[PDB]
Amino acid sequence: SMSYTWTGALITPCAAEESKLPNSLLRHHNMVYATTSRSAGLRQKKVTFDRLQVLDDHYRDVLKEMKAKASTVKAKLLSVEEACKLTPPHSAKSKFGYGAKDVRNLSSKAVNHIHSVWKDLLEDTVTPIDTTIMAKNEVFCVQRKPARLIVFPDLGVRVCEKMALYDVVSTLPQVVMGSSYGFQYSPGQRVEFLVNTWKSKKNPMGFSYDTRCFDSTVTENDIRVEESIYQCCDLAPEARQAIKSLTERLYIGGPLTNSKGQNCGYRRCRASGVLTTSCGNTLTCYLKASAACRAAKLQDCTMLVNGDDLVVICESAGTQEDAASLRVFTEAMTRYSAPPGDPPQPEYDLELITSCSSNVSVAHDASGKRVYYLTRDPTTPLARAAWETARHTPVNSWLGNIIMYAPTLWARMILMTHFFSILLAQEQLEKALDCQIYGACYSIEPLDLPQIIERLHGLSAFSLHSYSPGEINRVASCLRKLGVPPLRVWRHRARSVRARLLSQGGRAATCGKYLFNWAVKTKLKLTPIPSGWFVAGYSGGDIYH
Amino acid sequence: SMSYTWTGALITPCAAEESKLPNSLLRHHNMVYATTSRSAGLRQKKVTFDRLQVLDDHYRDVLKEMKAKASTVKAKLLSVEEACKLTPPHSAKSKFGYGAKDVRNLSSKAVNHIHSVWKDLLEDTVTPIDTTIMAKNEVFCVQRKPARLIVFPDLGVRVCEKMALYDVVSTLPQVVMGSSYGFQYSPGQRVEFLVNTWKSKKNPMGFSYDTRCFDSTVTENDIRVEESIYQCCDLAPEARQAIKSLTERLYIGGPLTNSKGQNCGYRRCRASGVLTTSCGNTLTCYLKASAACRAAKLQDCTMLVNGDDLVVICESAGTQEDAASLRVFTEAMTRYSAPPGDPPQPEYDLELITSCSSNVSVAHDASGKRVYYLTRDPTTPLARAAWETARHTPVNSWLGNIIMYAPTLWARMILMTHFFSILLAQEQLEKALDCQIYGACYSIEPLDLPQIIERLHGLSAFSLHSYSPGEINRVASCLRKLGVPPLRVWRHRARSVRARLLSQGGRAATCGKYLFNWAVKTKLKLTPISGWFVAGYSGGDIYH
Amino acid sequence: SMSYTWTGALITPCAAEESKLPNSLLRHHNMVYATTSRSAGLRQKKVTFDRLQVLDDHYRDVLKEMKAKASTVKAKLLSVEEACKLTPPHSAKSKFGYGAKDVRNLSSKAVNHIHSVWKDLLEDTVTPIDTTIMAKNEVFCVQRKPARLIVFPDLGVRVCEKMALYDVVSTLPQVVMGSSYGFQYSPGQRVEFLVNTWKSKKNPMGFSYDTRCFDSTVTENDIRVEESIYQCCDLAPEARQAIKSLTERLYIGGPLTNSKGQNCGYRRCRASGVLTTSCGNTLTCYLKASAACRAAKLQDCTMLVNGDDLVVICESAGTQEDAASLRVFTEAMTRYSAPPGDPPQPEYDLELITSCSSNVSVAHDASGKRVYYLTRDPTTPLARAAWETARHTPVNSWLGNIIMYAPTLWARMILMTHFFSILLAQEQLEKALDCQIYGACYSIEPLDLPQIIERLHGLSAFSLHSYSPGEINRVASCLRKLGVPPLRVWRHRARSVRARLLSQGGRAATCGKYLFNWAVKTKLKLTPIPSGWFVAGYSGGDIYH
Ligand SMILES: N#C[C@@H](c1ccccc1)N1CCOCC1
Ligand SMILES: N#C[C@H](c1ccccc1)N1CCOCC1
Ligand SMILES: N#C[C@H](c1ccccc1)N1CCOCC1
C-alpha cells in the first residue's frame with residue numbers, strides 16, 4: 001500500500017516553535033537550529049511512497065526460528081494500577097477529560113475511562129483508532145534536516161497498551177533475539193560485546209546498514225508478523241484479545257489528526273509514538289537482516305540491533321568479495337522493504353564502525369592498561385547542551401549524555417565542567433532532573449553521578465588518559481567548528497569547579513573529587529565508594545520508572 | 001468509499017451471447033429476453049456510489065450477542081481431498097494450467113498449486129487477489145433488467161476458500177441466527193414457520209424490506225466485522241490465518257479483470273462469487289435488521305433472512321404507528337448502509353408478503369383439510385423453461401422449480417407435464433440432471449421426483465385441489481400474457497403423458513401415478529412409498 | 001580415494017586466453033566472459049575430495065540386469081584406417097613427431113607408431129598412461145564460473161581407443177539402457193519421448209537430478225565395473241586385451257602433465273577427454289539412479305539419461321510423499337557416491353523440467369494444430385554467438401544451436417537472421433563449417449539448413465507461431481538482460497536478409513524462402529524440399545564424420 005496518504009491539512013504546532021537560539025559554551029549560535037512544523041511538508045515527501053515487498057525462503061526460516069523462541073515466553077497482564085504508575089507526569093493529557101497527573105493518582109474518572117477503552121478494545125477488533133500527528137522539535141547542528149513526524153494515540157489507549165503489552169516488550173525481544181538485542185547492554189556491556197565478537201573472527205569485517213526512513217518501510221504485513229510473534233507467547237486470553245484489537249486498530253494504521261483536530265490523512269506503516277515501536281522495529285529489523293545475511297551467503301554473522309539501527313560483524317572473504325556480497329545484502333533488504341539510505345560499506349577497523357550514532361575507541365587507565373569505551377561525534381550533544389542552557393526545557397540531553405558517555409574526553413571536560421558550573425552558580429545541585437535512557441524517563445540526582453558512573457563504567461571512567469589520535473582530532477575540530485573554547489580552557493574552568501565543589505563537603509565534594517581528578521595535575525587516590533535501566537528499548541512508548 | 005472504481009475498459013464476454021429466443025410451451029417469444037454484456041454499463045451505473053456508514057449502540061449490542069454465539073462453535077479445516085470433491089465438474093478452469101476435472105481427480109499438479117496458494121495466503125495478508133468480472137446471462141420476461149455482474153477469483157483460491165471456510169459457513173449462521181437463518185428450511189418448513197409465527201401473534205403485521213443493490217452496500221467495514229465473528233469460533237491456527245488473509249486480500253475488495261485480461265477497475269464491496277457471500281450477506285443483513293428492529297421499537301419481532309432478502313413478522317401497534325415505525329426501521333437501515341429500493345410497506349395479510357421471490361398461499365388436500373404451500377409469479381420460471389427447451393443449457397431451472405414448487409398449480413400442470421413429455425419423447429428419463437438448490441449443484445434423476453417431493457412437501461403435494469382465487473388468476477393472467485396454452489389444454493396433455501409412463505412400469509409408472517393424479521378425473525388413492533436445505537451457497541462454487 | 005592430488009605445479013595455457021569481448025547483436029558486452037586458466041585453482045578446490053562409496057542389493061540387481069543385456073551384444077575391432085578416418089583434422093598433435101593431418105593421410109610414421117602403442121597395450125596392463133591437463137575456454141553470461149578441467153591422452157593412444165572401443169560405445173549403451181539412452185534421440189524424438197511418457201502416467205511427476213561435479217564422483221570401482229560390462233560383449237581377443245589395459249592404465253587414472261611438461265598431480269576419477277567418457281558416464285549414471293529409484297520406491301519410473309544429466313518421470317504418490325522419496329533417492333545416490341549440487345525438487349509441469357539445459361514447450365503450426373518442440377534459456381547461446389562474431393573460432397556453436405533449436409522463437413529470429421546476414425555480407429554462404437552435435441564434429445554447408453531442418457523437425461518448424469507466454473517472456477527478459485535488440489527489430493532485419501537471399505536464386509533462395517517465412521506477412525505455401533547424427537554421444541572422444 002502507500003505508507004501515508006494526505007488530505008491536505010497541515011501538520012500544525014501546539015504552541016510557539018523556536019527555530020533558533022537566543023554562549024560561554026559555544027559562539028557560533030547560528031549553526032544550531034530546532035526543526036519545526038515548517039519543514040513538515042518536506043518530511044512528508046521523503047517518507048511517503050508505495051511498498052512492494054517480496055519474501056523468500058530465508059525470511060520464512062528465520063521467522064520460524066523466531067517463533068520457536070517466542071513460544072517459550074510467558075507474559076502477564078498489567079493492572080490498571082501498574083500501567084498508571086508507568087505513565088510520565090507530563091505525558092500528553094486525554095481528550096476525554098483527564099491528564100497524566102490524574103492517571104498517576106488513580107482518579108476514578110481516568111480509571112473508569114481506561115476500563116471503557118479496554119472494554120471497547122475487547123469488543124471491537126476493526127474500527128481504526130484515532131492518532132494525533134505532530135512535528136518533532138529537535139536541536140541539531142548545521143551541515144538541514146526536516147522535522148520528524150511523531151504519531152501517537154490518546155492517553156486512554158496508551159494506558160491500555162501498557163496493560164496488554166508492557167511485559168511482552170520488556171521481555172520477549174531479549175529471548176527471541178539473544179545477544180543481538182541491543183537494549184540489554186549498558187554502554188560498557190555494548191563495548192564488551194562488540195569488542196569480543198570482533199576478536200572472535202579470524203578475519204573480521206563489519207558494516208552498519210542505514211535504512212531509509214524505517215518507520216515508512218514497515219508494512220502492515222510486517223506488523224501482523226510482529227503480532228503473531230507476540231501471540232506465540234503464553235498469554236492470558238484477555239491480553240490475547242487486546243493485542244489483536246490493538247494491532248488491527250492502531251499498529252497497522254489509522255487516521256491522522258493535527259493539533260486543531262482536522263483530519264490530515266492516513267498511515268499504513270509504523271507510528272513512532274506507540275508502545276510496540278521499539279520492540280516492533282527491532283524485531284522486524286533483525287528478521288529482515290538475518291535473512292539478508294543468509295541471502296548474501298555472509299559467513300558467521302553476529303548482529304546487534306537497536307530499533308531501526310543495525311550492525312553486522314562477520315568473517316571476511318576478501319575486499320572484492322565483501323563489497324559484492326554487501327550489495328547482495330542490500331537487495332535482499334530492498335526486496336524486504338528496508339531499502340538503503342547511505343548505501344552500506346565494509347569496514348576493517350572497529351573504531352570506524354558507527355552504530356547507534358556511536359563507536360568504540362580505546363584509552364588507558366591510571367595503571368596504563370588499555371581500556372575500550374563507547375563514544376560519538378560530540379556535535380549534537382554540544383548543540384543540544386547549548387540549546388538547553390539558553391532555553392529552559394524539562395528535557396535534559398546533557399545529563400543523559402554524561403551518564404551514557406561518561407568515559408569520553410568531551411563529556412568529562414566539557415559537559416561535566418559546564419553544567420556543574422551552572423548548578424553550583426544556581427544552587428540546584430540537590431534538585432532531581434529528568435533524563436531519557438533507552439526511551440524511558442528517570443528522575444536523577446546530579447550528585448549521584450559518581451556512583452552511577454562507577455557502577456556502569458568502573459572507576460577507570462575517572463582516570464582515562466591517552467585517548468586515541470582520531471578521537472582527539474574529532475573533538476578538537478568539532479570545537480573549532482562550533483566555536484567552543486579549546487580543551488586547555490576547560491581544564492582551567494574545571495579546576496575552578498572542582499575546588500568550589502570540594503568546599504561543600506559530602507556528595508558535592510565527591511563530585512569534585514571524582515568527576516574532576518583529570519584536571520588537577522597531582523591526582524588523588526580514587527577508591528570504590530559505594531538498576532533495571534539497560535534492559536529494553538522503550539523510546540516512543542510513553543514510559544517512566 | 002466508492003463501491004466500484006472503473007478504468008473505462010469494458011466488461012467482456014467469453015463467447016456468443018444469445019439474447020432473443022430462437023413454441024410448444026409459449027407463443028409470445030419476443031417477450032422473453034436474456035441479459036447480456038451489452039447491458040453492463042447500465043448496471044455499472046446503478047451499483048457504483050459512495051457509502052456513508054454510521055453505527056450506534058443497537059448495532060453494537062446485537063454484534064456483542066452474535067459474537068457470544070459464534071464463540072460456542074468449533075469448526076474444522078477441510079482437507080484438500082474433501083475440498084476438491086466439492087468442486088463442480090464444470091467449474092471455470094484455473095489460469096495455472098488445470099481444471100475442475102483435474103481438481104476433482106486429485107491431479108498432483110492441481111493439488112500442488114493449491115498447496116502453493118494456501119502457503120502464500122499464510123505468508124501474505126495484504127496483496128489484493130485477482131478477480132475476474134463477468135456479466136451474467138439470465139433470462140426474463142418483459143416489464144428491462146440489465147445484467148448482474150458476477151465477480152470471482154481463480155479456482156486455486158476457491159479450493160483454499162473451502163479448506164478454510166466451508167465448515168464455518170455450513171455451521172455458523174444457524175447457531176448465530178437461530179430461527180432466522182432462512183437456509184435451514186425446506187420450502188414446506190419455510191411456509192410452516194411463516195404461518196405459525198404469523199398465527200402466534202395477537203395481532204400480526206409483516207413486511208419485507210428490499211435493499212437497493214445489497215452487494216454494493218456492503219462496506220469494507222461490514223466485511224471485516226463478519227471476519228471477526230468467524231474468528232470467535234474455535235478454529236485450527238492455520239484456518240485462522242487463511243481466513244483473515246482471505247478477507248483482507250479477497251472478500252474486502254481487489255482488482256477486477258475482464259475475460260481478455262484487462263483491468264476494469266477496483267471493488268470495495270461484496271463479491272457475488274466467493275464462498276462467503278451467502279453467509280456474510282446473511283449475517284450482515286441480520287445484524288443491520290436486528291438493530292433496526294430495536295431502533296424502531298418493533299414488538300415481539302420474528303425475522304427471516306436469506307442473504308440480502310429479509311422478512312419481519314411482529315405485533316401491530318395500530319395502522320398509523322406501524323407505518324411510522326417502518327420509516328424508523330428504514331432510517332436506521334440507511335445509516336447502516338442498506339437504504340431501501342422500493343420502500344417497505346406494512347401488510348396485514350400473509351399471502352401478500354413476498355420474500356425470496358415467493359409467497360405463502362393456501363389449497364386443500366384429498367381429505368378437504370387446508371394446507372399451506374409456497375408459490376410465486378410463474379412468469380420467470382415459464383420464461384426460463386421455454387428458453388431451456390429451445391437452447392440446450394447445462395443448468396435446468398425447471399427441475400429446481402418443480403422441486404421447490406412441486407405443490408403449485410403451475411409447476412404441477414405445466415412444468416411436470418411439459419418436461420416429462422419431452423423426456424419421454426427423447427428416451428432420457430434415466431438421465432441424471434444438474435439443478436441448483438440454495439446455490440448448490442446437485443445431480444438428480446427425474447424419476448426420483450415422487451419420493452423427493454413426498455419427503456420435501458408430503459403426500460398432499462400430489463392432491464392439492466382448491467387453489468385460491470388470487471393464485472388462479474395470477475397463473476391464468478400470466479398464461480394469457482406469455483401466450484402459453486390455458487390449463488384445460490395442459491390437463492389433456494397430462495393424461496397422455498401419464499398413460500405412456502404408466503405403461504413403462506417401474507419408477508416411471510410411479511411418476512405417472514403420483515405426479516399426474518390431479519389430471520385423471522377419477523383419482524387413485526395415493527399412499528406413501530437428504531441434507532439439502534441446511535446452508536446457503538450461492539456464489540460458493542459448490543457440488544455434492 | 002582423493003579424486004585428484006596436486007603437486008603445486010600450475011595448470012597452464014597453450015596460447016594466450018581472452019576473457020572479454022572486444023555489438024550488432026548485444027550492447028551489454030561486459031556481461032559476456034570466457035573462462036581461462038586464471039580460474040583453474042577455484043575449480044581445483046571444487047573438484048578435489050575423498051570418495052566414500054558403499055553399494056547395496058539394488059545396485060547389484062541393476063548391474064546384473066545390465067550385464068545380461070550387454071551379453072547379447074557383438075562388437076568389432078576398427079581397422080587402423082577406419083580409426084584414423086574418425087580423427088578430426090585439427091586434433092592435438094602427437095608428441096611422437098606427427099599430427100592428425102598425418103593420421104588422416106595414413107602416413108606410415110603415424111601408423112607405425114599407432115601399431116606400437118597397440119602392441120604395448122596388449123603386453124602391459126598396469127603402467128599409468130600419460131595425460132595432459134588443460135583449462136577450458138568456454139563463454140557465458142554473468143549470474144562466476146571457474147573453468148572446467150579437460151584432461152586427455154596422446155593422439156596415438158586416442159587412435160588406439162577408437163580401434164578397441166569405438167564400435168562398443170557406439171552400440172552398447174542403447175541395448176543396455178533401451179529407451180533410457182538419451183543420445184539415440186533427435187531433439188524432436190527426445191521431445192516426443194518426454195511428452196508421451198508424461199501423458200502415459202495417471203498422475204505424473206518428474207524431477208531432474210544435478211550431480212555435484214560428476215566426473216570427480218566417479219570412482220575407480222565404477223570405471224572398473226563399467227569395464228566388466230564391456231567385457232560381457234562378444235569382442236575380438238585383442239579388443240579385450242586392450243580394453244583392460246586402457247581401463248587400468250588411462251581410464252582409472254594416471255598422472256597429469258601441464259602444457260609446459262611439468263607434473264601437476266594425479267587423477268583417480270573420470271577423464272573428460274577419452275572415448276569412453278560419454279558411454280561410461282551414461283552407464284554409471286543410469287546404474288546408480290536406477291538403483292536409487294528402487295531405494296526410494298518410486299512407482300513406474302521412466303528414466304532418461306545423457307551422461308551426467310538425468311530426468312525421471314514417474315507416478316506421483318501425493319505431494320508430501322513425493323517430496324520424501326526424493327530425499328530417500330538423494331540419500332541413495334549419495335551412498336553410491338553421486339551427491340547432489342542443487343537438491344532435486346518434484347515438478348508437476350512438464351515445461352518447468354530442465355534436462356540437458358533444455359525444456360519442452362508448445363507452439364502452433366500452419367493449421368493451428370498444437371506442436372511440441374525443444375527449447376532452452378537463450379542466454380548462453382546468445383552469448384557464445386556474440387563472441388563467435390567478434391572473434392574467429394574454429395567452433396561455431398551458433399550452427400549447432402540452429403540445427404538443435406530450429407523450431408525455437410529465438411533461433412529463428414535472432415540466430416538465423418543474424419548469422420545469415422553476416423554470411424551474406426561476407427560472400428561466404430557456400431562455405432562449409434565445423435559444428436558439434438552430441439560431441440561429434442561435423443562439417444556442414446549452411447545453405448543445407450532448410451533440408452536438414454525439414455528432416456530433423458518437419459515443415460512445422462518453418463511456420464510455428466504461438467509460442468507460450470512463459471517462453472515468450474523468457475526470450476524477452478533475456479534480450480533486455482543481455483542488451484540484444486527486441487524482436488520487432490529482428491523482423492525488419494530478417495525481411496532484408498530474406499529479400500537479398502531470394503535474389504541469389506539457388507539454395508540461397510530456398511533458405512530465404514523457408515528459414516524466414518515468419519517475417520513476410522503474406523506467407524508462401526511451404527512444401528517438401530525435394531543421416532547417422534543422433535545415435536550415440538561422443539562428447540570428449542575426439543570424433544569427426
Ligand atoms: N546515548 C545513547 C543510546 C540510545 C539513546 C536513546 C535511544 C537509543 C539509544 N545509544 C548508546 C548505546 O547503544 C544504543 C545507542
Ligand atoms: N425461499 C426460497 C428458495 C430460495 C432458493 C435460492 C436462493 C434463495 C431462496 N426459493 C426461491 C428461489 O428459488 C427456489 C425457491
Ligand atoms: N538434449 C540434448 C542436446 C545435447 C547435446 C550435446 C550433449 C548433450 C545433450 N542439447 C543440449 C546441448 O546441445 C544441443 C541440445
# chains A, B, ... in the order shown; residues from 1 in each chain; ligands from 1
>>> residues_near_ligand(ligand="ligand 2", cutoff="6 Å", atoms="only C-alpha atoms and all ligand atoms", output="PDB file with C-alpha atoms, in the first residue's frame")
ATOM      1  CA  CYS B 356     -37.263 -14.902  -1.779  1.00  0.00           C
ATOM      2  CA  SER B 357     -39.492 -14.082  -4.699  1.00  0.00           C
ATOM      3  CA  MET B 404     -39.046 -26.137  -4.870  1.00  0.00           C
ATOM      4  CA  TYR B 438     -29.739 -22.857  -2.331  1.00  0.00           C
TER       5      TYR B 438
END
>>> residues_around(residues="residue B:322", least_positions_apart="6", cutoff="12 Å", atoms="only C-alpha atoms", output="count of residues only")
21
>>> residues_around(residues="stretch 233-241 of chain B", least_positions_apart="4", cutoff="8 Å", atoms="only C-alpha atoms", output="number ranges by chain")
B: 70-77, 121-122, 163-165, 229, 245
>>> write_last_selection(atoms="N, CA and C atoms", output="compact mmCIF listing (two decimals), in the first residue's frame")
# COMPACT_ATOMS: atom_id res chain seq x y z
N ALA B 70 -21.27 -17.40 18.12
CA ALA B 70 -20.13 -17.85 17.33
C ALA B 70 -19.03 -18.49 18.20
N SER B 71 -18.75 -17.88 19.36
CA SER B 71 -17.76 -18.40 20.31
C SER B 71 -18.01 -19.82 20.79
N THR B 72 -19.27 -20.27 20.74
CA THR B 72 -19.64 -21.64 21.12
C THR B 72 -19.44 -22.66 20.00
N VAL B 73 -18.79 -22.26 18.90
CA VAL B 73 -18.75 -23.06 17.67
C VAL B 73 -17.34 -23.53 17.33
N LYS B 74 -17.18 -24.85 17.29
CA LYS B 74 -15.98 -25.48 16.76
C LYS B 74 -16.20 -25.61 15.27
N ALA B 75 -15.13 -25.50 14.50
CA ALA B 75 -15.20 -25.73 13.07
C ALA B 75 -13.84 -26.16 12.61
N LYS B 76 -13.82 -27.04 11.63
CA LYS B 76 -12.59 -27.66 11.27
C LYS B 76 -12.22 -27.41 9.83
N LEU B 77 -10.92 -27.50 9.64
CA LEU B 77 -10.24 -27.31 8.38
C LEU B 77 -10.54 -28.54 7.52
N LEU B 121 -1.25 -17.46 1.00
CA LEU B 121 -2.29 -16.94 1.87
C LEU B 121 -1.79 -16.80 3.32
N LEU B 122 -0.89 -17.69 3.72
CA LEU B 122 -0.37 -17.71 5.10
C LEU B 122 0.73 -16.69 5.33
N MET B 163 -11.30 -25.10 2.02
CA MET B 163 -10.48 -25.64 3.09
C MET B 163 -10.75 -24.80 4.35
N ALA B 164 -10.62 -23.48 4.22
CA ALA B 164 -10.72 -22.58 5.38
C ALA B 164 -12.13 -22.35 5.93
N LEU B 165 -13.10 -22.15 5.04
CA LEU B 165 -14.37 -21.60 5.43
C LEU B 165 -15.58 -22.42 5.04
N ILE B 229 -16.46 -12.05 13.57
CA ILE B 229 -17.40 -13.04 14.03
C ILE B 229 -16.87 -14.45 13.76
N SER B 245 -6.49 -13.52 6.03
CA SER B 245 -5.78 -13.23 4.80
C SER B 245 -6.73 -13.23 3.60
>>> interface_residues(of="chain B", to="chain A", cutoff="8 Å", atoms="only C-alpha atoms", output="NGL selection string")
:B and (64 or 124-126 or 221 or 224-225 or 228)
>>> closest_atom_pairs(of="chain C", to="ligand 3", cutoff="7 Å", atoms="only C-alpha atoms and all ligand atoms", output="JSON lines")
{"residue": "C:187", "atom": "CA", "partner": "ligand 3", "partner_atom_place_in_ligand_line": "1 (N)", "distance": 6.1}
{"residue": "C:190", "atom": "CA", "partner": "ligand 3", "partner_atom_place_in_ligand_line": "1 (N)", "distance": 6.9}
{"residue": "C:306", "atom": "CA", "partner": "ligand 3", "partner_atom_place_in_ligand_line": "8 (C)", "distance": 6.1}
{"residue": "C:356", "atom": "CA", "partner": "ligand 3", "partner_atom_place_in_ligand_line": "11 (C)", "distance": 4.9}
{"residue": "C:357", "atom": "CA", "partner": "ligand 3", "partner_atom_place_in_ligand_line": "11 (C)", "distance": 5.8}
{"residue": "C:358", "atom": "CA", "partner": "ligand 3", "partner_atom_place_in_ligand_line": "11 (C)", "distance": 6.2}
{"residue": "C:400", "atom": "CA", "partner": "ligand 3", "partner_atom_place_in_ligand_line": "14 (C)", "distance": 6.9}
{"residue": "C:401", "atom": "CA", "partner": "ligand 3", "partner_atom_place_in_ligand_line": "14 (C)", "distance": 6.4}
{"residue": "C:404", "atom": "CA", "partner": "ligand 3", "partner_atom_place_in_ligand_line": "14 (C)", "distance": 5.3}
{"residue": "C:437", "atom": "CA", "partner": "ligand 3", "partner_atom_place_in_ligand_line": "6 (C)", "distance": 6.0}
{"residue": "C:438", "atom": "CA", "partner": "ligand 3", "partner_atom_place_in_ligand_line": "6 (C)", "distance": 3.9}
{"residue": "C:439", "atom": "CA", "partner": "ligand 3", "partner_atom_place_in_ligand_line": "6 (C)", "distance": 6.0}
{"residue": "C:539", "atom": "CA", "partner": "ligand 3", "partner_atom_place_in_ligand_line": "7 (C)", "distance": 6.8}
>>> closest_residue(among="A:235, A:494, A:402, A:16", to="ligand 1", atoms="only C-alpha atoms and all ligand atoms")
A:402
